[PDB]
Every structure is written in C-alpha cells, then in structure tokens.
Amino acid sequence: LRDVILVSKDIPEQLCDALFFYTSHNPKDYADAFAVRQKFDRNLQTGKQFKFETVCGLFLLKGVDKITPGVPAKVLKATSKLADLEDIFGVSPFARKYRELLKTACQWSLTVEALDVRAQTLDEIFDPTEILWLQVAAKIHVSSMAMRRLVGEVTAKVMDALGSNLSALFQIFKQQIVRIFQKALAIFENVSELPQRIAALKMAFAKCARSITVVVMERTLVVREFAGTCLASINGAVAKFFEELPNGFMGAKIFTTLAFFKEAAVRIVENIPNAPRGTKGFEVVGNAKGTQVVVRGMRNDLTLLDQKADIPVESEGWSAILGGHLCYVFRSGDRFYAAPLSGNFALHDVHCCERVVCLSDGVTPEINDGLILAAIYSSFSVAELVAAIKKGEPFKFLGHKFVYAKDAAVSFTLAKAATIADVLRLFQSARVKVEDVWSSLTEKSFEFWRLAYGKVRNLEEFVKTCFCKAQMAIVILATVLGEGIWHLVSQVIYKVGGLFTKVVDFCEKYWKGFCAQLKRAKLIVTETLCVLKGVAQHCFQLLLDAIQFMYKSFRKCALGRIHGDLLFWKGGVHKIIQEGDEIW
C-alpha cells in the first residue's frame, strides 16, 4: 500500500535536518539522539527504502542518487525547502521553529557573545528533545551553537564525580575543561578544520552522555569518559599537574592532605587510634583499585626498604608500623613485602621488606651451621654464605639482614644460646625444614647429609658444630667404602649403641685432618682383626666390631667369608674390575 517518497543523496545539510526533524523519536540522552540520527543518515545513503516514523504518521524513504527522468513520483532534491516537504508530509512544529532559527542565523552567529546568548536561551523557544536534536544536527552553523550548552553540563558532571574531597582541584579541572572545549568549539579560528572538530566532539559528547567516572591511573586523576576521545587532552593536562607534585610515602604524589598511589587516592589521616602518638594512616576516597585483606595481627619485626616490587598482594597478612605509617605486610615466595593499607583495603604499590637480626655473640658454631642448613635447603651458594660470614660485616641472606652492633632501632637477636633450630626458624618455609637432622644418627639424617654432600662437594670444610661434623664424617666414610660395602654396614650402624656419641666426642677435639685421613681408608675384616687400614686415629671401633660380628655368617670361604659378591679376605673387601694392570 504505502508509497515510497524519494530523496536525493546530496540534499544540503539544512534540508537533511529539516527532513529529519519530522521524526517522532524521543531521545533519552545525547548518545541515543546521536545514534538514531546517524542511523537515519546511513539509511538514505544505502539503497533500499526504510521506515521513518514522524509526528504526522509513518512514511517510507528511498535514497536516490541515480535520478533519471523515468517515472513521476514524490521526489526531493537539494533545491527543496520546508514548503516542499510540507507537501509530502505536513506540518512539523519542530522543522518550522528550525528554519526560523536558520533565518535568524545572521543575528546570533555574529559574535561569541551572540552565540552564547542563543545557546543559553535555546530553551525559551525549544524543548529538551529538540535541543538534543539540534546538538546532533548536520548543519554545523546550528550544531556548533547549541553544543555550547553542553560545556557547563559536562563540567557539572565532572565536579560531581570528583567529590567534596578533591574540591581544591575543582579550578584546575575547570580551567582545562574550558580551555579544551573552547578550542574544540572555536568558530572564529582554525576555521578550515571546524567540520572535523565538531564531528570529533559529537563522539566525545556521546561517550559522556549519562555517567562520568573519575579514577586514578598512574598517580593521576583520570576522567574515564574522556579517554580515547578529543577530550582526552583534558586528562593530559591534569596528568601534567600531577606529574609535577612532590613525591612522598611509598612513592605517592602528595597534594595537601591527600596522596595519590598508582591506582588509588587516599586521604592521609593523622593521629590514628591504637598506635604510637604520631602515626599516620590512610583512608581511600572515591574510586580505588586494590585488595581486601585479612589481618592476622600487628608485627614489628620488619624493616621497610625503598625498593618497589611487582608481586601480587596476598589476601592474608599482618599490619605494621613502617616509617610512621600503618601499613600492610605480607609473605610471598619466602620474602616479606609491605603495601599501603586503608582499613581492610591494600593498595598495589608494593615495597620490599627485610628482617634485621643482631648476632650479639658473633657467628656462633650453631648459627654458622643453621645458616648453612638454610642455604642448602634454599639452593643458596654455601661458599658465598661462608665468605660473608668471614668478613664479619653486615650481610643479606634469604630475606634477612645480619648485623653485629646492638641496634639501629631493630630488635630480633640470635645470641650464644642459639639452637641450629632457632636459626632455621628464621627461614622456615616449604623448602627450609626445621626438623633436627643433626643431633642423632638415623637413616634420614644420613640421607640429608649424603645428598647435601652431593650438592656441596666440600661441605666437610664448612660445618662447624660437632653434631654436623659427626654426620659429615659418617657420610665421608660411607663414600670411601663404596656401594655394596656400605649396603651391608647400613643394615647395622643405626643399631650400634652409643656410636654417634662416640663420633661426636672425637670430632670436638681431633677433627683437623680427620676427613682427609678417611679418604685413604680401606676396610679389611678377618676372624680376629677388624681394621680401617690407613687411618691410625679414628672413632669407629664400635662400628668395626658390629661389622665383623655381622661378618660371622656365610662362611663359604677360600681366603675368608663371602657376602654374595664381595669376598672379604685378608686383603680387604674386593670384587676384581678397576685399577690398571691386574693388581693384587
């Protein structure tokens, strides 16, 4: 039924507006008004005819660039006027108020004052829906004049989104906003680019049409809705003001009573409860990224370093007073780290921490061997650690700083009553075990030291406690017998009563050159004689005894007894192979 009205691609901006202003669409905001109008714009320019719903009823429109004589229907083309269109459709109370505004376009477009006067009084003769339609119009003359109403509207939204905290920043924001909207809307300068700036400004207005949000990114306030648009230079200018601000605690920017971390603004609160008089805390304002955390208690064993660290903030941790500030501190990968705290909210500016331990009685034999144990577990160089212990200066090791002087206001001390286990407790972790591995001889005790010895192939030279010397002595004698001989002695050494006590007591006074001697030991075991041939001083009689009593079995015997392939004779235990020319 309904008949298509033809319209020429190439109708002028004012005609297109006039045409469009017949629409009965009601816009909620700039963005949908903008969106609808460019849908309509696109429909005319693409071929097949669509529906227009107008205040005079539905119609149909066909974009027609190929205008040949052809048939005679309802047509439109650049030289048409409001009267032409009235013939097709009828009255539009809008379109008529429109090109009266068009007619008066030589009174109000005359100067900046005239233009603002028209903008501000546009509601006297227009209503909210039409003002948005004008603000989105194709005639630049008209669309750059009403868009002027929007500058203050956006300023108001930005002030609102900022908060009364932040109000001393209102003027810095309003100047930049005015400066950038002036350049964008300039009628009397940069005139060749006016159509570009107005097109760009429509998109910006679309992005800022329903809510404004202010956030902190890289220690500056950012208006999110401006980013990625021609308004972005507003952010840029504000960033320049923030970049010039002084630095402060944990790398924030400081402005009056506020501080700006990477992703959050905080208020600096003075004289906070439950702390030393003088202590400051933080109170996050506005929109702020970070982590809600659980606090397990206060600790004062940590010292805050200047280094920043890119570590995710753990959701569990402790509070601490660091540099006069209530802070969050936590543990991650065997290190201690600190972060700014606001109640239960941790910010992601993370700094390094260390734990300072005073060695009041120097590096004690117990301390020496537990540090070495901590190094072995953690794959830290034992030689490196030992070098640092010899200088007797301060040193850093696995998250701790060791110092000898009484204090630099720091308080965790080791002393002469330090257990090996006391020192291990400092570093106790997934890898660093506190379990006593030294004070008794057992097979897991043997197992630890045998593997350690694999890793640190001269660990005999660096173990200073008697217990650990005793264990390494046993390991060395297990590695000089070889496999097989050991396999057998294994089945007994852990059940020789008071053997370890034997080995400990001799390591206290005859340790020097001891291990060097063991390296030349060859076992030899006969009915009467059980000897470690080549070692004239040593502590394993008890073990040599139990060895030959266990040698009182399997008497198959040509030149002596025989476990399956080790025919122990008065030459020592031997199974051919080896050497180089058939030796005895």
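Just count from 1 along the sequence shown to find any residue number.
As listed in the deposited structure, the average C-alpha B-factor of 568-576 and of 13-21 is greater for 568-576. Mean C-alpha B-factor is higher over 104-112 than over the other stretch, the pair under comparison being 228-236 and 104-112.
The PDB entry assigns its highest CA temperature factor, among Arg267, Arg219, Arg299, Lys77, to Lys77. Sorting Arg457, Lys396, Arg96, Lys174 by the CA temperature factor given in the entry leaves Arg96 at the top. Ranked against the other modelled residues of its chain, the C-alpha B-factor of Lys207 as given in the entry falls in the lowest third. Sort the modelled residues of the chain by CA B factor and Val363 lands in the lowest third. Among the modelled residues of its chain, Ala409 has a C-alpha B-factor that falls in the highest third, as given in the PDB entry. Ranked against the other modelled residues of its chain, the C-alpha B-factor of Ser92 as given in the entry falls in the highest third. In the deposited entry, the Cα temperature factor of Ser332 sits in the middle third of values across the chain's modelled residues.
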